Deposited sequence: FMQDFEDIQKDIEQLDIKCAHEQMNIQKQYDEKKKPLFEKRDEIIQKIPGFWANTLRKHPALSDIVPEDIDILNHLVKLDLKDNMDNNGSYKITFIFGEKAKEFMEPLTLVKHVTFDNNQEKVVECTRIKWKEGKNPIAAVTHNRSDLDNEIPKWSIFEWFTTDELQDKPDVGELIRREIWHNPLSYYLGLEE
């Protein structure tokens, strides 16, 4: 009877396996249909002066970042989420900065690629920002958003990755307003 319950739950899980599979096939139908929309949206962001700067810091968890952060972020021309690469919650976020950001740093493309193992997070890739002399804002209650570009864990320090993926990326216009 302990055994009967296991038998029944085999049968249930087999149906969920097959349900999730079909749903995923549809899921990845539309993921692909979205790709164009996300790209046509990036083109609009390009035409909206300092959009990400004014978007990001309207999120409560990011609102109290150093003012210096804004100086660089004001040249964030492009932000992209590459979501759902693993079936495990994996993603890659990419910051592309206009030329003027060369006053403060190198390179102009920052990437951070992340996976998960046992609900512990692991950073697979991360750009080493090379701040110009006297231009590092991590050198200034507050923290610097660019502190998010480490390999180390972030204890009691906002997961800019997760907030982006789960709250901001789907509709950043909400936050711009």
- Task: Return the ranges of the deposited sequence not covered by C-alpha coordinates, sorted by sequence position.
- Result: 141-152, 190-193
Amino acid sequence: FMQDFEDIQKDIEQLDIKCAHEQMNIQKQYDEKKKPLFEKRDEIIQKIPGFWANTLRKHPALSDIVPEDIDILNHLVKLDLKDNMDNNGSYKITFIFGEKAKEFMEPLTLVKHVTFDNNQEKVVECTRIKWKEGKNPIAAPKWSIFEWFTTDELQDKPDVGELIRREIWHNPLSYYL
From here on, numbers count along this sequence of modelled residues.
- Modelled-residue ranking by C-alpha temperature factor, third containing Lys47: lowest
- Message: Taking only the Cα B-factors deposited for this chain, tell me whether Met85 sits in the lowest, middle or highest third.
- Response: highest
- Sorting the chain's modelled residues by C-alpha B-factor and splitting them into thirds places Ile138 in the middle
- Third of chain Cα B-factors occupied by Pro67: middle
- Sorting the chain's CA B-factors, does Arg57 end up in the lowest, middle or highest third? highest
